[PDB]
Each structure stands twice: as C-alpha cells, then as structure tokens.
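What follows is a single structure, written as structure tokens, with notes after it.
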Amino acid sequence: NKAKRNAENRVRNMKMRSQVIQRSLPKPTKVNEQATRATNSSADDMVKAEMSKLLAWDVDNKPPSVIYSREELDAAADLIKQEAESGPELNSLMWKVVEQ
Amino acid sequence: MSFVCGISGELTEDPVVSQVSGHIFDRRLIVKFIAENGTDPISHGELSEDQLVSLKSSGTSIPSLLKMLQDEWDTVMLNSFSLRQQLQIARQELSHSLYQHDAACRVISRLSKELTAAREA
Amino acid sequence: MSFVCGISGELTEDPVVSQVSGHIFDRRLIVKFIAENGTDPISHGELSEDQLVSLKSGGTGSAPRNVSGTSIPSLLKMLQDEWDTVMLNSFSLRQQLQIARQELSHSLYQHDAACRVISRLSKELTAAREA
Amino acid sequence: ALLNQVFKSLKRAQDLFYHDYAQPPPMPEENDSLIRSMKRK
C-alpha cells in the first residue's frame with residue numbers, strides 16, 4: 001500500500017501532467033502576461049486560453065478547474081495527428097532559415 | 001588527399017574509418033569517443049579501438065601562427081556557444097509546441113464532450 | 001640511477017634494453033633470468049646475450065633537462081586536449097540540437113489542429129441549434 | 001516557404017519564455033560531465 005500502490009498513483013498522476021513536465025523540458029519561470037493575449041475569436045485563441053491554464057499548473061502550481069485523463073488526452077491527440085499532413089521535414093533549407 | 005572527420009567536420013592528418021558505419025574520423029577523436037562512449041558516433045553500434053582501419057595519407061611566422069590560433073579558437077568557441085544557445089531555443093520551441101498540443105487536446109476533449117449534449121437535449 | 005626496474009621495482013645502476021623488451025632490466029638481473037628462464041620477463045620472447053644493450057648518460061652535446069614545467073610541446077599537447085574536448089562536446093550538443101529540432105519540426109500540427117477545432121466548433125454550433 | 005511558420009513559432013516560444021531571456025544559455029549536465037570525465041582521464 002505505501003510503496004507500489006502509491007508508486008502506481010505517482011506515475012499515474014505524472015501521466016496526467018503535461019508532456020513538458022513528463023519530459024522535464026524547460027518551462028518558463030513566470031507565465032508571461034504579454035504572450036497570453038488573444039483576440040478570443042479563433043480556434044488558436046481558445047487553445048492559447050487553455051494553454052495559459054497548463055502553464056499556471058506547471059509554473060505556479062495553480063491547477064486547472066478540470067483535468068482530463070491520459071486516455072481522453074491521448075484520444076484527442078490521436079484526432080490531431082490523423083488530421084495533420086505535410087509536416088515539414090528537416091533539411092538544409094530549414095537549417096538556413098532557422099539561422100536567419 | 002583531403003579527408004574530413006565526421007565528428008569535427010575538419011581536415012585530419014590521420015584519417016581513420018570505422019567498420020561499424022563506414023564514416024571517416026580522426027583517430028584521436030574516435031579513440032576518445034570510444035574511451036568515453038563505447039559506440040560509433042554516427043551509427044550508435046558497438047565499436048572498439050581494434051576495429052579502426054587506417055586510411056592512406058611549411059610555416060609562415062610564429063606570431064602569425066599564434067594569431068591564427070587566437071582567431072581560430074574564438075571561432076571554435078563561438079560555435080560551441082551558439083550551439084548551446086540554439087539548443088535552449090530548440091527546447092523552448094519544443095516545450096511550447098507540446099503545450100500547444102496538450103492545450104489542443106484539452107480543447108478537443110472539451111468540445112467533444114459538449115457535442116454529446118445535442119443528443120440528450 | 002633514476003631508471004626503476006619494471007620487475008624488481010628498485011632503482012638501477014646497470015640499465016639494459018633488448019629488442020623484444022620494453023620495460024627496463026638490470027644487467028645483474030637479466031643474465032640470471034636468461035640462465036634460469038631464457039625468457040623475456042614481460043613479452044616472453046626468447047632472450048640471447050647479443051640482444052642486450054646498456055644505456056648511458058652525460059655524453060657530449062646532451063641537452064640540459066628542462067625542469068621549469070612549462071614547455072612548447074606540453075602547451076601544444078594540452079591545447080590539443082582542449083580542442084578534442086570541445087569538439088566532442090560540440091558534437092553531443094549538435095546531436096541534441098538535431099534531435100530536438102527534428103521532432104519539433106514533425107510536431108508542427110498547430111495549423112492543422114486549429115482547422116479541426118474550427119470543424120468541430122462549427123459542427124457544435126449546428127448541433128447546439130437542431131435540438 | 002517554411003520561414004514564415006518558423007518565424008511565428010519561434011516568436012511565440014520566445015515570448016512565452018520572455019522572463020528567461022536575460023538568463024544565459026545553460027550547459028547540459030550530460031555535456032558538463034563529459035567534459036569533466038575527459039579531463040579526468
């Protein structure tokens with residue numbers, strides 16, 4: 001009960017965290033209020049709104065009012081990558097323009 | 001002939017090829033790579049110091065050569081710094097991209113649940 | 001004498017080299033070793049009395065030993081060791097940058113995720129009203 | 001061209017990490033340790 005049952009819950013809860021937390025990727029020291037601004041008129045804006053809640057959860061430890069399971073988020077992620085196409089391959093032209 | 005090392009990207013006085021990949025290295029770098037990593041730097045297969053096959057093969061002024069070392073060393077360090085700077089930018093872009101993805105999953109999850117209400121109104 | 005025998009671990013007064021050897025031996029050691037063993041103490045090559053040559057010092061012209069610690073060879077050596085380290089560091093940085101840059105290029109779904117949301121919300125805005 | 005999408009993605013990533021811009025670029029622990037291990041050898 002104290003070990004592997006909690007350890008399952010530890011990794012289970014860690015699987016609910018954003019992939020930034022799970023990979024230990026960089027996250028900002030403060031949630032920039034200038035970057036989070038949006039027109040509240042496009043699909044990109046409402047994604048940016050929810051993104052602000054994820055950043056608060058990871059930077060401020062201010063969790064969202066609801067958190068979806070890994071199964072719901074994975075089923076949602078599946079719906080993204082089945083739609084997306086023609087994603088750019090890495091090439092020397094990309095290396096040129098990123099340097100620019 | 002000019003031979004270019006796959007680790008450094010520079011000419012070598014002692015070109016060596018690895019049988020685990022067929023890429024050409026400076027003997028001294030690859031031995032130090034093996035002695036630290038134990039692997040081929042390009043193919044990531046197991047590699048050892050006996051597996052290297054050797055390839056076949058005026059001055060100007062001492063202050064001039066020392067000034068070439070100075071300018072060249074600043075170029076190598078500029079490369080090392082900009083790699084660290086570009087690496088963190090790559091990590092910052094990546095974490096933002098994952099944040100856009102995870103926020104998009106929250107939106108798609110949210111909307112797909114709200115779309116069930118129209119079947120039970 | 002400042003050479004230390006590789007077998008006995010004590011300082012020589014009669015240093016000897018042979019063509020199949022590499023570690024130093026004493027003359028008064030190797031001749032009895034030839035008699036009992038006949039065999040090189042380190043390489044196990046066959047030993048014979050014509051192979052042994054004895055070292056000497058202090059001949060005319062012999063350069064004075066540099067004791068000051070700094071030298072041109074040792075500085076060029078350590079500058080070379082710096083360069084090897086910095087290139088292997090830069091290589092592993094360049095490798096990590098390539099991996100991170102690669103996957104973020106593949107992860108560029110943002111425009112296509114947005115179109116799916118637009119498609120989803122425009123369905124919702126009709127589903128919200130046909131009831 | 002890819003440059004436009006790269007620009008917009010980089011600009012947003014920079015803007016989100018704006019409070020970190022004054023910090024120097026880090027040295028990864030793997031890279032720092034492999035320098036030290038080679039020096040020790």
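Residue numbers start at 1 in each chain; chains themselves are named A, B, ... in the order of the structure tokens; ligands are numbered from 1 in the order shown.
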
Apply DSSP to the structure's backbone, then extract all residues of chain C labelled alpha helix (DSSP H) and return them as a tab-separated table (two decimals) with C-alpha atoms, in the first residue's frame.
```
chain	number	residue	atom	x	y	z
C	27	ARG	CA	72.20	-6.46	-16.20
C	28	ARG	CA	72.71	-8.34	-12.91
C	29	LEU	CA	69.02	-9.34	-13.09
C	30	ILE	CA	68.58	-10.33	-16.73
C	31	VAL	CA	71.64	-12.61	-17.02
C	32	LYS	CA	70.40	-14.90	-14.23
C	33	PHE	CA	66.91	-14.63	-15.75
C	34	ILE	CA	68.32	-15.79	-19.09
C	35	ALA	CA	70.09	-18.66	-17.30
C	36	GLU	CA	67.03	-19.94	-15.41
C	72	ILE	CA	56.17	24.27	-26.02
C	73	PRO	CA	55.33	20.54	-26.50
C	74	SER	CA	53.28	20.33	-23.31
C	75	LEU	CA	51.36	23.51	-24.12
C	76	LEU	CA	50.60	22.35	-27.66
C	77	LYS	CA	49.63	18.99	-26.17
C	78	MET	CA	47.13	20.46	-23.70
C	79	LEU	CA	45.78	22.87	-26.31
C	80	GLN	CA	45.17	19.77	-28.41
C	81	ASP	CA	43.42	18.14	-25.44
C	82	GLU	CA	41.25	21.24	-25.12
C	83	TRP	CA	40.34	21.03	-28.80
C	84	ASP	CA	39.44	17.32	-28.61
C	85	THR	CA	37.19	18.01	-25.61
C	86	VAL	CA	35.46	20.99	-27.21
C	87	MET	CA	34.73	19.12	-30.45
C	88	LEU	CA	33.32	16.09	-28.63
C	89	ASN	CA	31.26	18.47	-26.51
C	90	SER	CA	30.11	20.36	-29.60
C	91	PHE	CA	29.26	17.07	-31.31
C	92	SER	CA	26.98	15.96	-28.47
C	93	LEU	CA	25.43	19.45	-28.41
C	94	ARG	CA	24.94	19.32	-32.18
C	95	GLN	CA	23.44	15.85	-31.86
C	96	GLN	CA	20.97	17.03	-29.19
C	97	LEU	CA	20.07	20.12	-31.22
C	98	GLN	CA	19.43	17.96	-34.27
C	99	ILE	CA	17.14	15.62	-32.30
C	100	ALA	CA	15.19	18.45	-30.65
C	101	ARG	CA	14.95	20.43	-33.89
C	102	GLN	CA	13.83	17.31	-35.77
C	103	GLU	CA	10.91	16.40	-33.52
C	104	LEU	CA	9.62	19.97	-33.20
C	105	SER	CA	9.54	20.15	-37.00
C	106	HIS	CA	7.46	16.96	-37.05
C	110	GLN	CA	-0.75	23.85	-34.92
C	111	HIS	CA	-2.37	24.95	-38.18
C	112	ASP	CA	-4.00	21.56	-38.77
C	113	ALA	CA	-5.14	21.20	-35.15
C	114	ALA	CA	-6.78	24.62	-35.49
C	115	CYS	CA	-8.71	23.55	-38.60
C	116	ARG	CA	-10.01	20.50	-36.72
C	117	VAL	CA	-11.20	22.76	-33.88
C	118	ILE	CA	-12.91	25.04	-36.43
C	119	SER	CA	-14.54	21.99	-37.98
C	120	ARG	CA	-15.56	20.72	-34.54
C	121	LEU	CA	-16.94	24.03	-33.26
C	122	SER	CA	-18.89	24.70	-36.47
C	123	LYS	CA	-20.49	21.27	-36.02
C	124	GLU	CA	-21.25	22.12	-32.38
C	125	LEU	CA	-22.84	25.43	-33.42
C	126	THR	CA	-25.29	23.48	-35.62
C	127	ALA	CA	-25.71	20.64	-33.13
```

For residue 47 (chain A), work out the shell of residues within 8 Å, counting only C-alpha atoms and skipping chain neighbours fewer than 4 positions away, then give it as a PyMOL selection string. (chain A and resi 43+51) or (chain B and resi 100+103-104+107)

Compile the contact shell of residue 96 (chain A) as a PyMOL selection string: residues with an atom at most 12 Å away, counting only C-alpha atoms, same-chain residues fewer than 3 positions apart removed. (chain A and resi 90-93+99-100) or (chain D and resi 1-3+6)

I'd like the neighbourhood of region 31-48 of chain B as a PyMOL selection string, where a residue qualifies if any of its atoms comes within 10 Å (using only C-alpha atoms), though same-chain residues fewer than 2 positions away should be ignored. (chain B and resi 6-7+18-23+25-29+50-52) or (chain C and resi 84-85+88+91-92+95) or (chain D and resi 34+37-38+41)

Suppose we keep N, CA, C and O atoms; can you now write the selection as a tab-separated table (two decimals), in the first residue's frame?
```tsv
chain	number	residue	atom	x	y	z
B	6	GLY	N	34.14	12.98	-39.50
B	6	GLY	CA	32.72	13.10	-39.26
B	6	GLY	C	32.36	13.69	-37.91
B	6	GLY	O	31.24	14.20	-37.75
B	7	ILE	N	33.26	13.64	-36.93
B	7	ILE	CA	32.97	14.26	-35.64
B	7	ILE	C	33.22	15.76	-35.68
B	7	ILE	O	32.34	16.56	-35.34
B	18	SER	N	35.71	3.68	-39.59
B	18	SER	CA	35.11	2.70	-38.69
B	18	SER	C	34.29	1.69	-39.50
B	18	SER	O	33.42	2.08	-40.28
B	19	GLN	N	34.58	0.41	-39.31
B	19	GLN	CA	33.82	-0.64	-39.99
B	19	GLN	C	32.36	-0.73	-39.55
B	19	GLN	O	31.55	-1.28	-40.29
B	20	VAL	N	32.01	-0.18	-38.38
B	20	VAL	CA	30.63	-0.26	-37.91
B	20	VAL	C	29.73	0.76	-38.61
B	20	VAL	O	28.50	0.67	-38.48
B	21	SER	N	30.29	1.69	-39.39
B	21	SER	CA	29.49	2.71	-40.06
B	21	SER	C	30.03	3.12	-41.43
B	21	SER	O	29.28	3.61	-42.27
B	22	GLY	N	31.33	2.94	-41.67
B	22	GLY	CA	31.94	3.45	-42.88
B	22	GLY	C	32.20	4.94	-42.91
B	22	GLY	O	32.57	5.46	-43.97
B	23	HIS	N	32.00	5.64	-41.81
B	23	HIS	CA	32.30	7.06	-41.73
B	23	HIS	C	33.76	7.25	-41.33
B	23	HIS	O	34.36	6.40	-40.68
B	25	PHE	N	36.88	9.30	-39.50
B	25	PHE	CA	37.14	10.06	-38.29
B	25	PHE	C	38.63	10.31	-38.15
B	25	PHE	O	39.47	9.64	-38.76
B	26	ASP	N	38.96	11.32	-37.34
B	26	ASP	CA	40.30	11.45	-36.81
B	26	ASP	C	40.51	10.37	-35.77
B	26	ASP	O	39.64	10.14	-34.91
B	27	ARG	N	41.63	9.65	-35.88
B	27	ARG	CA	41.96	8.56	-34.97
B	27	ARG	C	41.88	8.99	-33.51
B	27	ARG	O	41.33	8.28	-32.67
B	28	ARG	N	42.40	10.18	-33.20
B	28	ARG	CA	42.45	10.63	-31.81
B	28	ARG	C	41.08	10.96	-31.24
B	28	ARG	O	40.81	10.69	-30.07
B	29	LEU	N	40.19	11.55	-32.04
B	29	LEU	CA	38.85	11.84	-31.55
B	29	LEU	C	38.04	10.57	-31.33
B	29	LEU	O	37.41	10.40	-30.28
B	50	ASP	N	40.20	-1.65	-31.71
B	50	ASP	CA	40.78	-2.55	-32.71
B	50	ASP	C	40.05	-2.55	-34.04
B	50	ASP	O	40.59	-3.08	-35.02
B	51	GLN	N	38.86	-1.96	-34.12
B	51	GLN	CA	38.04	-2.02	-35.33
B	51	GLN	C	38.34	-0.90	-36.32
B	51	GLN	O	37.83	-0.93	-37.44
B	52	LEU	N	39.15	0.09	-35.93
B	52	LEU	CA	39.50	1.17	-36.83
B	52	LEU	C	40.47	0.68	-37.90
B	52	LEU	O	41.43	-0.02	-37.60
C	84	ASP	N	40.16	18.60	-28.59
C	84	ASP	CA	39.44	17.32	-28.61
C	84	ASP	C	38.20	17.36	-27.72
C	84	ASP	O	37.13	16.89	-28.11
C	85	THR	N	38.33	17.93	-26.52
C	85	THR	CA	37.19	18.01	-25.61
C	85	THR	C	36.10	18.90	-26.18
C	85	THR	O	34.92	18.55	-26.14
C	88	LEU	N	34.22	17.13	-29.12
C	88	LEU	CA	33.32	16.09	-28.63
C	88	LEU	C	32.15	16.65	-27.84
C	88	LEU	O	31.05	16.10	-27.88
C	91	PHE	N	29.94	18.15	-30.60
C	91	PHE	CA	29.26	17.07	-31.31
C	91	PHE	C	28.02	16.60	-30.55
C	91	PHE	O	26.95	16.42	-31.14
C	92	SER	N	28.14	16.38	-29.25
C	92	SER	CA	26.98	15.96	-28.47
C	92	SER	C	25.95	17.08	-28.32
C	92	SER	O	24.76	16.80	-28.17
C	95	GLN	N	24.33	17.00	-31.82
C	95	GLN	CA	23.44	15.85	-31.86
C	95	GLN	C	22.12	16.14	-31.15
C	95	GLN	O	21.04	15.89	-31.69
D	34	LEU	N	30.63	15.17	-19.35
D	34	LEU	CA	31.53	14.53	-20.30
D	34	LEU	C	32.78	15.35	-20.55
D	34	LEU	O	33.80	14.79	-20.94
D	37	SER	N	34.77	14.32	-17.33
D	37	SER	CA	35.28	12.96	-17.39
D	37	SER	C	36.48	12.85	-18.34
D	37	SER	O	37.46	12.17	-18.02
D	38	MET	N	36.43	13.50	-19.49
D	38	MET	CA	37.58	13.52	-20.38
D	38	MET	C	38.78	14.21	-19.75
D	38	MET	O	39.92	13.76	-19.91
D	41	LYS	N	40.43	11.89	-17.34
D	41	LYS	CA	41.16	10.81	-17.98
D	41	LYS	C	42.48	11.29	-18.55
D	41	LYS	O	43.54	10.73	-18.24
```

Quick check: residues of chain A within 10 Å of chain C, only C-alpha atoms, returned as a ChimeraX atom specification. /A:42-47,77,79-91,94-95,98

Using only C-alpha atoms, which residues sit within 8 Å of residue 63 (chain A) once same-chain residues fewer than 3 positions away are excluded, as an MDAnalysis selection string? chainID A and resid 53:54 56:58

Output N, CA and C atoms of each residue in that selection to a file, as a PDB file, in the first residue's frame.
```pdb
ATOM      1  N   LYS A  53      -3.749  27.980 -18.722  1.00  0.00           N
ATOM      2  CA  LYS A  53      -4.032  27.159 -17.544  1.00  0.00           C
ATOM      3  C   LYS A  53      -2.979  26.079 -17.319  1.00  0.00           C
ATOM      4  N   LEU A  54      -2.508  25.440 -18.391  1.00  0.00           N
ATOM      5  CA  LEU A  54      -1.425  24.469 -18.264  1.00  0.00           C
ATOM      6  C   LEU A  54      -0.153  25.111 -17.735  1.00  0.00           C
ATOM      7  N   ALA A  56       0.084  27.824 -15.851  1.00  0.00           N
ATOM      8  CA  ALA A  56      -0.146  28.102 -14.435  1.00  0.00           C
ATOM      9  C   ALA A  56      -0.026  26.838 -13.594  1.00  0.00           C
ATOM     10  N   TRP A  57      -0.518  25.718 -14.111  1.00  0.00           N
ATOM     11  CA  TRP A  57      -0.401  24.450 -13.401  1.00  0.00           C
ATOM     12  C   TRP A  57       1.049  24.021 -13.250  1.00  0.00           C
ATOM     13  N   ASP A  58       1.880  24.274 -14.257  1.00  0.00           N
ATOM     14  CA  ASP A  58       3.263  23.818 -14.215  1.00  0.00           C
ATOM     15  C   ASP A  58       4.196  24.840 -13.577  1.00  0.00           C
TER      16      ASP A  58
END
```

Please report as a PDB file with N, CA and C atoms, in the first residue's frame which residues of chain D come no farther than 7 Å from chain B, using only C-alpha atoms.
```
ATOM      1  N   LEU D  10       8.819  30.402 -33.519  1.00  0.00           N
ATOM      2  CA  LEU D  10       9.920  30.882 -32.689  1.00  0.00           C
ATOM      3  C   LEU D  10       9.518  32.109 -31.880  1.00  0.00           C
ATOM      4  N   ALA D  13       7.364  31.113 -28.944  1.00  0.00           N
ATOM      5  CA  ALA D  13       8.173  30.409 -27.951  1.00  0.00           C
ATOM      6  C   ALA D  13       9.064  31.365 -27.171  1.00  0.00           C
ATOM      7  N   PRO D  25      22.393  30.946 -21.784  1.00  0.00           N
ATOM      8  CA  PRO D  25      22.035  29.593 -22.207  1.00  0.00           C
ATOM      9  C   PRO D  25      22.705  28.538 -21.342  1.00  0.00           C
ATOM     10  N   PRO D  26      21.991  27.485 -20.937  1.00  0.00           N
ATOM     11  CA  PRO D  26      22.563  26.542 -19.976  1.00  0.00           C
ATOM     12  C   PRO D  26      23.597  25.649 -20.639  1.00  0.00           C
ATOM     13  N   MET D  27      24.364  24.964 -19.795  1.00  0.00           N
ATOM     14  CA  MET D  27      25.201  23.851 -20.209  1.00  0.00           C
ATOM     15  C   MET D  27      24.527  22.576 -19.725  1.00  0.00           C
TER      16      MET D  27
END
```

May I ask you to extract the residues of chain A within 7 Å of chain B, using only C-alpha atoms, and to give them as a PyMOL selection string? chain A and resi 18-20+25-27+47+50-51+72-73+76-77

Distance table requested - chain A against chain D, cut-off 6 Å, only C-alpha atoms: one row per qualifying residue with the closest atom pair and its distance in Å to one decimal, ordered by chain and rising residue number, as CSV.
```
residue,atom,partner,partner_atom,distance
A:28,CA,D:17,CA,5.1
A:32,CA,D:16,CA,5.7
A:35,CA,D:15,CA,5.5
A:97,CA,D:3,CA,5.8
```

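Picture a line from CA of residue 77 (chain B) to CA of residue 24 (chain B); it runs 23.7 Å.
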
Please return, as a PyMOL selection string, all residues of chain D lying within 9 Å of chain C when only C-alpha atoms are considered. chain D and resi 5-6+9+28+30-32+34-35+38-39

Atoms to include: N, CA and C atoms. Write the selected residues as a PDB file, in the first residue's frame.
```pdb
ATOM      1  N   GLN D   5       6.314  30.063 -41.014  1.00  0.00           N
ATOM      2  CA  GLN D   5       5.877  29.213 -39.908  1.00  0.00           C
ATOM      3  C   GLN D   5       6.948  29.106 -38.830  1.00  0.00           C
ATOM      4  N   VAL D   6       8.214  29.030 -39.240  1.00  0.00           N
ATOM      5  CA  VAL D   6       9.325  29.017 -38.293  1.00  0.00           C
ATOM      6  C   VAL D   6       9.351  30.307 -37.484  1.00  0.00           C
ATOM      7  N   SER D   9       6.370  30.474 -34.989  1.00  0.00           N
ATOM      8  CA  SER D   9       6.571  29.521 -33.900  1.00  0.00           C
ATOM      9  C   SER D   9       7.695  29.950 -32.965  1.00  0.00           C
ATOM     10  N   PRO D  28      24.116  21.641 -20.591  1.00  0.00           N
ATOM     11  CA  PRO D  28      23.502  20.406 -20.095  1.00  0.00           C
ATOM     12  C   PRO D  28      24.429  19.616 -19.187  1.00  0.00           C
ATOM     13  N   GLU D  30      24.734  16.408 -18.950  1.00  0.00           N
ATOM     14  CA  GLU D  30      25.468  15.406 -19.716  1.00  0.00           C
ATOM     15  C   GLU D  30      26.714  16.008 -20.340  1.00  0.00           C
ATOM     16  N   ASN D  31      26.596  17.211 -20.883  1.00  0.00           N
ATOM     17  CA  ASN D  31      27.718  17.824 -21.573  1.00  0.00           C
ATOM     18  C   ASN D  31      28.765  18.310 -20.587  1.00  0.00           C
ATOM     19  N   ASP D  32      28.330  18.915 -19.484  1.00  0.00           N
ATOM     20  CA  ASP D  32      29.262  19.322 -18.441  1.00  0.00           C
ATOM     21  C   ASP D  32      30.026  18.131 -17.884  1.00  0.00           C
ATOM     22  N   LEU D  34      30.629  15.170 -19.346  1.00  0.00           N
ATOM     23  CA  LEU D  34      31.528  14.526 -20.299  1.00  0.00           C
ATOM     24  C   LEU D  34      32.776  15.350 -20.553  1.00  0.00           C
ATOM     25  N   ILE D  35      32.718  16.663 -20.349  1.00  0.00           N
ATOM     26  CA  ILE D  35      33.941  17.454 -20.343  1.00  0.00           C
ATOM     27  C   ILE D  35      34.799  17.066 -19.151  1.00  0.00           C
ATOM     28  N   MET D  38      36.425  13.505 -19.491  1.00  0.00           N
ATOM     29  CA  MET D  38      37.584  13.519 -20.377  1.00  0.00           C
ATOM     30  C   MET D  38      38.783  14.209 -19.745  1.00  0.00           C
ATOM     31  N   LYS D  39      38.553  15.301 -19.023  1.00  0.00           N
ATOM     32  CA  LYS D  39      39.650  15.980 -18.341  1.00  0.00           C
ATOM     33  C   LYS D  39      40.288  15.096 -17.274  1.00  0.00           C
TER      34      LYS D  39
END
```

So which residues touch residue 52 (chain A) within 8 Å, counting only C-alpha atoms, skipping near sequence neighbours fewer than 3 positions away, as a ChimeraX atom specification? /A:31,36,48-49,55-56

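Remark: for chain C, the closest of the candidate residues B:67, B:2, B:9, B:15 is B:9 (distances computed over only C-alpha atoms).
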
Identify, with DSSP run on backbone atoms, the residues in region 12-117 of chain C assigned to strand (DSSP E), and express the list as number ranges by chain. C: 15-17, 25-26, 53-54
